[PDB]
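Chemist: I have a structure here, written as structure tokens, and I will follow up with some questions on it.
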Amino acid sequence: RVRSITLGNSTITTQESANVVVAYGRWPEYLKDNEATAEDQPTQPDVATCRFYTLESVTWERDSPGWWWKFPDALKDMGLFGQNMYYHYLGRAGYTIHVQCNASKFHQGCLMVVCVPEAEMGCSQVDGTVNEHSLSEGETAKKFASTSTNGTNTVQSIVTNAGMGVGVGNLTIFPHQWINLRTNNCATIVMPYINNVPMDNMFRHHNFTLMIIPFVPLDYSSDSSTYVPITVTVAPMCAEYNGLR
Amino acid sequence: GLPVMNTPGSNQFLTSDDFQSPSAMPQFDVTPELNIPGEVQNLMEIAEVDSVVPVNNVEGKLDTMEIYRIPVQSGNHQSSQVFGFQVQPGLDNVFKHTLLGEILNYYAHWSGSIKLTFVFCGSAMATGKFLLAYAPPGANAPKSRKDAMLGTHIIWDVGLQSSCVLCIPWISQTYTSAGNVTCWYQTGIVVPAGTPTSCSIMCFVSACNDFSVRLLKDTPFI
Amino acid sequence: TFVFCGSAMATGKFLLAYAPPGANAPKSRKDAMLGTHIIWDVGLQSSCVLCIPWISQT
Amino acid sequence: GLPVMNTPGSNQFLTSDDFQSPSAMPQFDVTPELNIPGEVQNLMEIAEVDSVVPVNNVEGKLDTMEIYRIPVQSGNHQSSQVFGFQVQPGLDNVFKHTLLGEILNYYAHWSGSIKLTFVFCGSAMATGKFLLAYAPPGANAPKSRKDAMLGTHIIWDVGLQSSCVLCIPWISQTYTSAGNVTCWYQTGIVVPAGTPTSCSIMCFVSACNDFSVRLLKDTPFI
Amino acid sequence: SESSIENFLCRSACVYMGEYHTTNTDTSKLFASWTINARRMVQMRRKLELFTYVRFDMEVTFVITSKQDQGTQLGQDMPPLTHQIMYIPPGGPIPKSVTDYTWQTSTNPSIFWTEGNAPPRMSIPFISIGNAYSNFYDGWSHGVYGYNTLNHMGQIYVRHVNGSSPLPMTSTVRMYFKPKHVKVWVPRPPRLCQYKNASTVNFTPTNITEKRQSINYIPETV
């Protein structure tokens with residue numbers, strides 16, 4: 001009851017009892033042919049964009065508020081998919097995201113894993129503006145805080161308002177999955193391309209945001225490990241660019 | 001030509017009228033629609049989604065993640081209450097800011113059925129029993145574990161199931177005249193050596209398919 | 001094939017990564033994630049399998 | 001008779017309304033139409049015509065015929081630039097006053113493909129090679145002859161062909177975010193004894209059949 | 001049925017009220033202007049933020065009232081006043097005085113109206129080179145965070161239509177706005193914090209809900 005999956009020259013292993021969320025019922029696909037027939041011809045890499053990219057693990061401790069990543073540009077240094085971001089003026093893609101934990105039966109805790117489109121964030125100063133570095137750091141995660149933040153140009157990252165001004169118990173409206181250390185330790189989310197235009201430039205726009213948020217904190221006792229590792233793996237799907245010839 | 005007679009109501013501006021209007025840009029062909037995933041036809045598609053209830057809305061923790069966690073304590077307390085609330089979406093503080101509560105507050109009359117889910121977030125070594133009890137509107141809340149057993153209840157063994165589900169059938173709106181839900185320790189929680197002592201429960205609320213709303217009004221939150 | 005020989009109560013995650021011939025070995029967890037890899041949860045599976053396709057010698 | 005009721009909007013004058021009006025000269029039969037050559041149904045018939053681009057719009061010659069002539073110099077300069085511009089009809093000074101530019105400036109949104117033609121006006125004894133290169137929007141302009149060769153380009157031998165044609169596919173409007181075109185000396189120009197030394201190139205622009213415009217507005221030129 | 005998208009969003013509201021004079025010594029008080037967006041009406045803003053992408057037509061009605069200034073001069077006998085209401089599409093010329101040339105451009109649609117009649121009304125289509133409007137943008141304008149240029153919807157300008165040396169008068173205009181034929185995509189959670197300004201999502205941290213007495217407290221039943 002273990003499946004082994006190979007994309008390109010990558011191989012990972014999952015359990016065949018996985019559960020998969022397809023975001024709004026829609027699988028990813030190519031914009032078919034004839035939105036812009038004449039002088040808008042696209043191309044597709046399909047070479048080493050369809051392959052598993054694995055980020056660094058994060059460390060879940062007793063007081064961890066949460067983590068977030070921006071897509072794309074979490075992959076702007078990831079081999080070929082990142083090269084294509086510099087060579088081409090427009091693009092699009094869907095994604096498959098796997099999130100996994102490594103824990104024992106003597107640990108306990110609960111995580112929400114959610115993919116949020118257009119996650120526009122607020123500044124720590126009400127009459128201020130957010131910086132580009134405070135929104136993302138690429139393949140390194142940003143951190144939520146457990147109290148309200150200060151300083152100039154920083155996202156106001158108190159975890160109960162999720163940086164967007166809503167109640168964090170209501171983020172289940174988005175494509176999401178629960179990880180309860182008692183019953184499962186994995187989550188797969190398949191995201192299609194969602195925009196109000198068919199293609200776009202991939203450097204000054206963040207299509208979506210992946211967030212991981214503990215709702216019940218990690219607990220252990222006498223001589224268990226004091227942390228739990230979380231691992232994120234991403235495979236781009238049906239990527240497509242403007243033709244160069 | 002064509003004899004004609006003007007009726008009362010002529011040349012008035014009624015804010016809710018429905019008439020054909022002249023276009024100011026007739027020679028402009030609009031961008032065709034795109035097939036964007038995730039289209040909505042009705043607000044009841046938003047209320048049928050689960051959202052986390054802040055059941056622990058007491059002093060000192062209204063601004064932390066702790067507001068969402070029902071505490072299960074360690075040791076032997078096998079007849080004490082765990083929690084209890086009245087089921088009043090829209091009006092009551094614990095249900096007021098959920099996805100279902102926020103919708104209902106746009107309408108002056110609503111009615112339907114409600115779904116509550118409970119999930120145990122402890123270690124896989126812990127076992128024990130809870131008693132979940134429902135009192136209808138017009139009935140007092142039970143005061144002991146025994147009279148909660150004498151009504152409508154379910155006995156929930158967390159060593160067997162991690163989650164329980166309830167569906168409540170007679171919900172309307174306007175010292176409440178509403179039904180209530182309570183939870184009691186049947187046994188107490190039992191663990192082996194080397195597992196955490198305390199733990200937590202979480203509540204999710206949603207609406208069932210037969211939910212209706214009437215008389216759009218203004219919301220009291222902005 | 002890799003097999004985890006710990007107690008049945010332990011949980012966690014590993015990242016297993018493969019670099020082809022002519023490529024340097026990854027230096028961090030993040031650039032190993034950006035190549036071919038599998039994420040292995042030992043609370044779910046006790047063993048993982050890999051098949052490597054282009055093997056020759058000097 | 002015929003009960004009738006006046007709606008809001010009655011007795012107003014809307015500048016873009018469309019109603020039947022009473023004729024002031026009903027007993028007057030009009031002159032029948034003549035079949036005059038050269039009738040027009042649509043403004044895109046004007047934009048599909050070539051017109052000469054003033055590529056040499058530098059100081060000291062904005063009021064002479066020289067504004068239209070790209071200079072080709074004599075001797076050996078076989079890696080230097082000849083010219084370059086961004087492709088931005090409507091906004092950019094070199095395309096702004098052409099037949100295509102003047103139309104586009106009546107509309108607030110437009111899009112399509114564009115056609116550029118280059119013609120060599122030297123003596124029939126001259127030979128040489130040029131490199132014509134296209135960079136898409138979001139790309140920097142090439143700095144050398146070699147990196148222009150590493151992109152999309154055509155090599156144009158004027159001893160064989162007197163003219164070259166280019167079709168550019170992704171044109172829209174609003175430190176530009178537009179594509180560009182550049183020209184490089186591949187070899188240099190070679191002549192026999194008794195022919196003029198210098199010479200010229202000319203550019204023509206036009207629109208291709210798939211061109212569209214929206215939101216008629218006022219032009220900023222009078 | 002009352003929770004459909006059309007019945008929830010398609011409702012009229014006053015979004016701008018402005019004043020303008022016939023004679024003044026400021027020359028910006030001689031006309032009134034408004035930029036069309038749906039972010040400075042706090043009740044419409046919140047209902048619109050439940051979705052990520054929207055598509056609609058606009059309908060605008062104008063209520064206009066005048067007054068003679070309390071300055072000094074009485075015994076007047078005046079004909080009814082005429083007003084001009086001009087819509088500028090995205091990518092159009094903007095007036096800066098009331099005597100400007102742009103009040104006469106053929107591509108800015110305009111309405112002429114005299115008092116005493118029914119209130120004037122114009123209908124604007126979906127005007128965007130994109131396929132939908134967006135309520136949320138996680139990007140840069142090219143640089144402002146959260147602002148994309150596909151959301152431009154135009155402007156409205158109002159003046160008096162007198163001749164030379166007019167008599168002093170003060171007018172007030174109220175604009176009533178209504179979206180029609182609406183479609184929405186990707187639902188979102190409701191805004192929990194108060195809005196701080198009209199262009200950002202900035203906020204001060206807010207409590208999740210209000211407190212009660214204890215986690216067991218249910219109020220006494222009547």
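Labels used: A, B, ... for chains in the order of the structure tokens, numbers from 1 for residues in each chain, and numbers from 1 for ligands as shown.
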Counting only C-alpha atoms, what are the residues of chain A within 10 Å of chain B, and for each of them which pair of atoms is the nearest and at what distance in Å, to one decimal? Sort the table by chain and rising number, as JSON lines.
Modeler:
{"residue": "A:23", "atom": "CA", "partner": "B:38", "partner_atom": "CA", "distance": 8.6}
{"residue": "A:24", "atom": "CA", "partner": "B:38", "partner_atom": "CA", "distance": 5.5}
{"residue": "A:25", "atom": "CA", "partner": "B:37", "partner_atom": "CA", "distance": 8.0}
{"residue": "A:26", "atom": "CA", "partner": "B:37", "partner_atom": "CA", "distance": 6.7}
{"residue": "A:27", "atom": "CA", "partner": "B:37", "partner_atom": "CA", "distance": 9.7}
{"residue": "A:35", "atom": "CA", "partner": "B:34", "partner_atom": "CA", "distance": 9.4}
{"residue": "A:65", "atom": "CA", "partner": "B:65", "partner_atom": "CA", "distance": 9.2}
{"residue": "A:104", "atom": "CA", "partner": "B:124", "partner_atom": "CA", "distance": 9.1}
{"residue": "A:105", "atom": "CA", "partner": "B:124", "partner_atom": "CA", "distance": 5.5}
{"residue": "A:106", "atom": "CA", "partner": "B:195", "partner_atom": "CA", "distance": 5.3}
{"residue": "A:107", "atom": "CA", "partner": "B:123", "partner_atom": "CA", "distance": 5.9}
{"residue": "A:108", "atom": "CA", "partner": "B:123", "partner_atom": "CA", "distance": 4.8}
{"residue": "A:109", "atom": "CA", "partner": "B:121", "partner_atom": "CA", "distance": 6.4}
{"residue": "A:110", "atom": "CA", "partner": "B:121", "partner_atom": "CA", "distance": 6.7}
{"residue": "A:146", "atom": "CA", "partner": "B:64", "partner_atom": "CA", "distance": 7.3}
{"residue": "A:147", "atom": "CA", "partner": "B:64", "partner_atom": "CA", "distance": 8.2}
{"residue": "A:148", "atom": "CA", "partner": "B:63", "partner_atom": "CA", "distance": 9.9}
{"residue": "A:158", "atom": "CA", "partner": "B:64", "partner_atom": "CA", "distance": 9.1}
{"residue": "A:159", "atom": "CA", "partner": "B:65", "partner_atom": "CA", "distance": 7.9}
{"residue": "A:160", "atom": "CA", "partner": "B:64", "partner_atom": "CA", "distance": 6.4}
{"residue": "A:161", "atom": "CA", "partner": "B:63", "partner_atom": "CA", "distance": 9.3}
{"residue": "A:167", "atom": "CA", "partner": "B:97", "partner_atom": "CA", "distance": 8.1}
{"residue": "A:168", "atom": "CA", "partner": "B:52", "partner_atom": "CA", "distance": 8.6}
{"residue": "A:169", "atom": "CA", "partner": "B:52", "partner_atom": "CA", "distance": 4.9}
{"residue": "A:170", "atom": "CA", "partner": "B:51", "partner_atom": "CA", "distance": 5.4}
{"residue": "A:171", "atom": "CA", "partner": "B:51", "partner_atom": "CA", "distance": 7.7}
{"residue": "A:172", "atom": "CA", "partner": "B:51", "partner_atom": "CA", "distance": 6.0}
{"residue": "A:173", "atom": "CA", "partner": "B:49", "partner_atom": "CA", "distance": 6.7}
{"residue": "A:174", "atom": "CA", "partner": "B:49", "partner_atom": "CA", "distance": 9.9}
{"residue": "A:180", "atom": "CA", "partner": "B:121", "partner_atom": "CA", "distance": 6.7}
{"residue": "A:181", "atom": "CA", "partner": "B:123", "partner_atom": "CA", "distance": 7.3}
{"residue": "A:182", "atom": "CA", "partner": "B:124", "partner_atom": "CA", "distance": 5.0}
{"residue": "A:183", "atom": "CA", "partner": "B:124", "partner_atom": "CA", "distance": 7.8}
{"residue": "A:192", "atom": "CA", "partner": "B:37", "partner_atom": "CA", "distance": 8.2}
{"residue": "A:193", "atom": "CA", "partner": "B:37", "partner_atom": "CA", "distance": 8.6}
{"residue": "A:194", "atom": "CA", "partner": "B:36", "partner_atom": "CA", "distance": 6.6}
{"residue": "A:195", "atom": "CA", "partner": "B:36", "partner_atom": "CA", "distance": 7.2}
{"residue": "A:196", "atom": "CA", "partner": "B:36", "partner_atom": "CA", "distance": 7.3}
{"residue": "A:197", "atom": "CA", "partner": "B:34", "partner_atom": "CA", "distance": 7.9}
{"residue": "A:198", "atom": "CA", "partner": "B:34", "partner_atom": "CA", "distance": 8.1}
{"residue": "A:214", "atom": "CA", "partner": "B:65", "partner_atom": "CA", "distance": 8.8}
{"residue": "A:215", "atom": "CA", "partner": "B:65", "partner_atom": "CA", "distance": 6.6}
{"residue": "A:216", "atom": "CA", "partner": "B:69", "partner_atom": "CA", "distance": 7.2}
{"residue": "A:217", "atom": "CA", "partner": "B:65", "partner_atom": "CA", "distance": 9.5}
{"residue": "A:218", "atom": "CA", "partner": "B:196", "partner_atom": "CA", "distance": 9.9}
{"residue": "A:219", "atom": "CA", "partner": "B:196", "partner_atom": "CA", "distance": 6.3}
{"residue": "A:220", "atom": "CA", "partner": "B:196", "partner_atom": "CA", "distance": 5.3}
{"residue": "A:221", "atom": "CA", "partner": "B:196", "partner_atom": "CA", "distance": 5.3}
{"residue": "A:222", "atom": "CA", "partner": "B:194", "partner_atom": "CA", "distance": 5.8}
{"residue": "A:223", "atom": "CA", "partner": "B:194", "partner_atom": "CA", "distance": 7.7}
{"residue": "A:224", "atom": "CA", "partner": "B:194", "partner_atom": "CA", "distance": 8.0}
Chemist: Would you kindly report the residues of chain E within 7 Å of chain B, using only C-alpha atoms, as a PyMOL selection string?
Modeler: chain E and resi 2-5+12+109+118-119+122-124+126-131+184-186+194+207-222
Chemist: Select, as a PDB file with C-alpha atoms, in the first residue's frame, those residues of chain D with any atom no more than 6 Å from chain B (distances computed using only C-alpha atoms).
Modeler:
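Listing of iface-v1.pdb after writing:
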ATOM      1  CA  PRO D   3     -54.935  54.391 -20.054  1.00  0.00           C
ATOM      2  CA  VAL D   4     -51.263  55.310 -20.028  1.00  0.00           C
ATOM      3  CA  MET D   5     -48.521  55.841 -17.430  1.00  0.00           C
ATOM      4  CA  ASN D   6     -45.394  58.018 -17.738  1.00  0.00           C
ATOM      5  CA  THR D   7     -42.112  56.452 -16.571  1.00  0.00           C
ATOM      6  CA  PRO D   8     -38.969  58.167 -15.289  1.00  0.00           C
ATOM      7  CA  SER D  10     -39.863  61.315 -19.733  1.00  0.00           C
ATOM      8  CA  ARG D 214     -12.826  50.302 -28.852  1.00  0.00           C
TER       9      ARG D 214
END
Chemist: Find the nearest atom pair between each residue of chain E and chain A for residues within 8 Å, count only C-alpha atoms, give distances in Å to one decimal, sort rows by chain and ascending number, and present the table as JSON lines.
Modeler:
{"residue": "E:52", "atom": "CA", "partner": "A:118", "partner_atom": "CA", "distance": 7.9}
{"residue": "E:53", "atom": "CA", "partner": "A:196", "partner_atom": "CA", "distance": 7.3}
{"residue": "E:130", "atom": "CA", "partner": "A:197", "partner_atom": "CA", "distance": 5.9}
{"residue": "E:131", "atom": "CA", "partner": "A:196", "partner_atom": "CA", "distance": 5.7}
{"residue": "E:132", "atom": "CA", "partner": "A:196", "partner_atom": "CA", "distance": 5.6}
{"residue": "E:133", "atom": "CA", "partner": "A:196", "partner_atom": "CA", "distance": 7.4}
{"residue": "E:134", "atom": "CA", "partner": "A:196", "partner_atom": "CA", "distance": 7.5}
{"residue": "E:136", "atom": "CA", "partner": "A:118", "partner_atom": "CA", "distance": 6.1}
{"residue": "E:137", "atom": "CA", "partner": "A:118", "partner_atom": "CA", "distance": 5.8}
{"residue": "E:138", "atom": "CA", "partner": "A:120", "partner_atom": "CA", "distance": 4.8}
{"residue": "E:139", "atom": "CA", "partner": "A:205", "partner_atom": "CA", "distance": 4.2}
{"residue": "E:140", "atom": "CA", "partner": "A:204", "partner_atom": "CA", "distance": 5.7}
{"residue": "E:142", "atom": "CA", "partner": "A:204", "partner_atom": "CA", "distance": 7.3}
{"residue": "E:145", "atom": "CA", "partner": "A:130", "partner_atom": "CA", "distance": 7.4}
{"residue": "E:146", "atom": "CA", "partner": "A:120", "partner_atom": "CA", "distance": 6.9}
{"residue": "E:187", "atom": "CA", "partner": "A:173", "partner_atom": "CA", "distance": 7.0}
{"residue": "E:188", "atom": "CA", "partner": "A:173", "partner_atom": "CA", "distance": 6.3}
{"residue": "E:189", "atom": "CA", "partner": "A:170", "partner_atom": "CA", "distance": 6.0}
{"residue": "E:190", "atom": "CA", "partner": "A:166", "partner_atom": "CA", "distance": 6.4}
{"residue": "E:191", "atom": "CA", "partner": "A:166", "partner_atom": "CA", "distance": 5.2}
{"residue": "E:192", "atom": "CA", "partner": "A:166", "partner_atom": "CA", "distance": 4.8}
{"residue": "E:193", "atom": "CA", "partner": "A:165", "partner_atom": "CA", "distance": 5.6}
{"residue": "E:196", "atom": "CA", "partner": "A:126", "partner_atom": "CA", "distance": 7.0}
{"residue": "E:200", "atom": "CA", "partner": "A:122", "partner_atom": "CA", "distance": 7.3}
{"residue": "E:201", "atom": "CA", "partner": "A:122", "partner_atom": "CA", "distance": 5.5}
{"residue": "E:202", "atom": "CA", "partner": "A:122", "partner_atom": "CA", "distance": 4.5}
{"residue": "E:203", "atom": "CA", "partner": "A:126", "partner_atom": "CA", "distance": 6.1}
{"residue": "E:204", "atom": "CA", "partner": "A:126", "partner_atom": "CA", "distance": 7.1}
{"residue": "E:205", "atom": "CA", "partner": "A:161", "partner_atom": "CA", "distance": 6.9}
{"residue": "E:206", "atom": "CA", "partner": "A:161", "partner_atom": "CA", "distance": 7.6}
{"residue": "E:208", "atom": "CA", "partner": "A:167", "partner_atom": "CA", "distance": 6.3}
Chemist: Just the helix (DSSP H, G or I) stuff from segment 82-217 of chain E, please, per backbone DSSP, written as a ChimeraX atom specification.
Modeler: /E:101-104,149-151
Chemist: Write a file of the just-selected residues containing N, CA and C atoms, as a PDB file, in the first residue's frame.
Modeler:
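That gives us part-v7.pdb:
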ATOM      1  N   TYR E 101     -11.540  72.935 -24.502  1.00  0.00           N
ATOM      2  CA  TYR E 101     -11.945  72.307 -25.746  1.00  0.00           C
ATOM      3  C   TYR E 101     -12.518  70.910 -25.550  1.00  0.00           C
ATOM      4  N   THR E 102     -12.102  70.187 -24.509  1.00  0.00           N
ATOM      5  CA  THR E 102     -12.549  68.816 -24.309  1.00  0.00           C
ATOM      6  C   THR E 102     -14.035  68.692 -24.001  1.00  0.00           C
ATOM      7  N   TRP E 103     -14.706  69.760 -23.582  1.00  0.00           N
ATOM      8  CA  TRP E 103     -16.147  69.699 -23.438  1.00  0.00           C
ATOM      9  C   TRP E 103     -16.854  69.588 -24.779  1.00  0.00           C
ATOM     10  N   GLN E 104     -16.115  69.568 -25.891  1.00  0.00           N
ATOM     11  CA  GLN E 104     -16.688  69.433 -27.222  1.00  0.00           C
ATOM     12  C   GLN E 104     -16.109  68.283 -28.034  1.00  0.00           C
ATOM     13  N   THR E 149      -4.296  48.369 -13.837  1.00  0.00           N
ATOM     14  CA  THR E 149      -4.859  49.344 -14.748  1.00  0.00           C
ATOM     15  C   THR E 149      -6.019  48.804 -15.560  1.00  0.00           C
ATOM     16  N   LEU E 150      -6.272  47.507 -15.516  1.00  0.00           N
ATOM     17  CA  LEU E 150      -7.455  46.972 -16.157  1.00  0.00           C
ATOM     18  C   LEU E 150      -8.751  47.350 -15.454  1.00  0.00           C
ATOM     19  N   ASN E 151      -8.698  47.932 -14.268  1.00  0.00           N
ATOM     20  CA  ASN E 151      -9.911  48.289 -13.547  1.00  0.00           C
ATOM     21  C   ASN E 151     -10.394  49.705 -13.826  1.00  0.00           C
TER      22      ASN E 151
END
Chemist: Considering only C-alpha atoms, extract the chain C residues located within 12 Å of chain B and return them as JSON, numbers by chain.
Modeler: {"C": [8, 9, 10, 11, 43]}
Chemist: For the residues selected in the previous step, produce a file with N, CA and C atoms as a PDB file, in the first residue's frame.
Modeler:
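Resulting contents of result32.pdb:
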ATOM      1  N   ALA C   8       6.926   1.879  16.125  1.00  0.00           N
ATOM      2  CA  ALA C   8       5.688   2.143  15.415  1.00  0.00           C
ATOM      3  C   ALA C   8       5.006   3.423  15.861  1.00  0.00           C
ATOM      4  N   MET C   9       5.546   4.118  16.852  1.00  0.00           N
ATOM      5  CA  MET C   9       5.004   5.380  17.315  1.00  0.00           C
ATOM      6  C   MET C   9       5.655   6.605  16.685  1.00  0.00           C
ATOM      7  N   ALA C  10       6.738   6.449  15.937  1.00  0.00           N
ATOM      8  CA  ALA C  10       7.490   7.588  15.435  1.00  0.00           C
ATOM      9  C   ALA C  10       6.940   8.079  14.103  1.00  0.00           C
ATOM     10  N   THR C  11       6.907   9.398  13.926  1.00  0.00           N
ATOM     11  CA  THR C  11       6.441  10.001  12.682  1.00  0.00           C
ATOM     12  C   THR C  11       7.386  11.112  12.254  1.00  0.00           C
ATOM     13  N   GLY C  43       5.478   7.685   9.069  1.00  0.00           N
ATOM     14  CA  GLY C  43       4.255   7.304   9.741  1.00  0.00           C
ATOM     15  C   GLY C  43       3.228   6.646   8.839  1.00  0.00           C
TER      16      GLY C  43
END
